[PDB]
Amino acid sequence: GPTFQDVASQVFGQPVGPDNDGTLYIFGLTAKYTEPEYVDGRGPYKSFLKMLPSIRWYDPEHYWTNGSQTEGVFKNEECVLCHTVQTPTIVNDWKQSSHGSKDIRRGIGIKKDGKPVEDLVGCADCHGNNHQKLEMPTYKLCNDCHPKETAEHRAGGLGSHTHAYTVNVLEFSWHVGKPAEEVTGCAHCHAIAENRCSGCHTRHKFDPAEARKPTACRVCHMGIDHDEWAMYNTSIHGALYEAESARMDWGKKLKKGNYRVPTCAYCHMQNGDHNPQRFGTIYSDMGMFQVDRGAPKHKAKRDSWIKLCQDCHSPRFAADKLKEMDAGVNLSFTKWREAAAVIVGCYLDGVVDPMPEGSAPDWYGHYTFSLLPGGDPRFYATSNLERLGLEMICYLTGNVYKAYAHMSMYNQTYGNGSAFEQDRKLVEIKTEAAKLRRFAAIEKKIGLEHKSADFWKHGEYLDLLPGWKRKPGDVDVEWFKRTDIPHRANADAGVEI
């Protein structure tokens, strides 16, 4: 047959053409997908992983090249004079930073190669002197003068800023399983957290006072799968932050007695610690793994949290609130286990439409049920039942923990990522399960041989997925053998981990 584009073209009277030629396609009906220019992605799936070339800014050690048209070797004060015209805000930021202004320096005692840094730290000191060999830095630059903050930034485990990109982008199913341009933001968000020092105190002011605000975290720590910004913002702490932000002193260091209202940085970067993951009781895959943080074996962590709350509360009150979290989280997993039983039950009875063999292969190249061991739990290229299952465990159950951890009365109960949203999801899942069972029971009785539709398996998007290209020997298992970084438990890792 002819393409969907060809039919639509003859109906709307617009010719079929490539999507990238500048034509304004009516509802994008007659445009054909073209493959963007890619560069090869890194990690264990490097044989087929792709990035857009703009990865140069975020993993510059491996991708950065000269792309400037301006030639010359310059001195710091020449960088400033020309960029005052060419990129004025970069200079205005830098002039308002300690790097570019001695007047706002605090005599911290910054050293490079054992010697005190008493001059201005200018454009050339961070980027180089030669305009045809300009450098785009990572934390490795900052380490030259700020080793303490850098060592802590690099001290986290899996699930922290430290391995956000190197492990949790390059090894992650939802990233490696999709066309590169669909998930550019994933690479960049996670890479900004890992490879940069500007995620909280932005360039070029590098102002710690900015870093202390919730705005230093919420661009990443938000949304459907980890809604801690909204949980915080809908707690009484969050409301007080909004009430007091304009007039409170953000210049004070994060320490006991310096703040009325706690922020993300206050509780998680306690006393300026740049390894914010370490105060957490235990890594729980964003609350998808169940754990009672109030159990005897986690007493030192619970006591540490109680003492943190004791900056501004009774410890009895804090201990009660954290016990409410434990109880609320444990109740929330009963609804997930119900949902799981219903979903896997449909699979075992063979009533799921489509069954795994009726869909496009998963990112491993397998036709495996997503909510079984070895499968890829997901929201795309799968059945409605499986999608609703992923949404139950990831979007809702994990966020119930976040709602309790951040004292959002509403989002624990009624709101986004709450108990009542779990209820409603559970009804959806049972509804989908009942539909599937009634169709199968009818089709059996009348002897109708049901075959799942082709649109579950093929389509313009589904045909782009890398699951189709997967073959034996396409995994770089040496990557997974590495012990200097942790790893995800991928089904095709091929080694221990």
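Note that the rigid core is defined as the largest set of C-alphas that superpose within 1.5 Å between two forms. The first residue of the sequence shown is number 1, and the count goes up from there.
Check your understanding: Comparing C-alpha positions in 4 other deposited structures of this protein against this form, with the rigid core used for the fit, which stretch differs more, 218 to 226 or 70 to 78?
Key -> Per-stretch check in 4 other deposited structures of this protein: the more divergent one is 218 to 226.
Review point. If you average the Cα B factors in the entry, which is higher, 165 to 173 or 113 to 121?
Key: According to the PDB entry, the answer is 113 to 121.
Point to revise | Entry-level comparison of average CA B-factors, 365 to 373 and 140 to 148, reporting the higher stretch | key: Taking the mean C-alpha B-factor of 365 to 373 and of 140 to 148, the larger value falls to 365 to 373.
**Study point:** Third assignment of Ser245 from its chain's C-alpha B-factors
**Key:** Lowest third.
Point to revise | CA B-factor ranking of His127, expressed as a third of its chain | key: Middle third - that is where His127 ends up once the chain's C-alpha B-factors are sorted.
Exercise for review: Report the third (lowest, middle or highest) to which the CA temperature factor of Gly345 belongs, ranking only the modelled residues of the same chain.
Suggested key: Highest third of the chain for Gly345's C-alpha B-factor.
Practice item. State the tercile, meaning the lowest, middle or highest third, of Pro214 with respect to the CA B-factors recorded for its chain. Key: For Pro214, whose C-alpha B-factor we compare with every modelled residue in the chain, the answer is the lowest third.
Check your understanding: Considering only modelled residues of the same chain, in which third does the CA B-factor of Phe74 rank: lowest, middle or highest?
Key -> For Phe74, whose C-alpha B-factor we compare with every modelled residue in the chain, the answer is the highest third.
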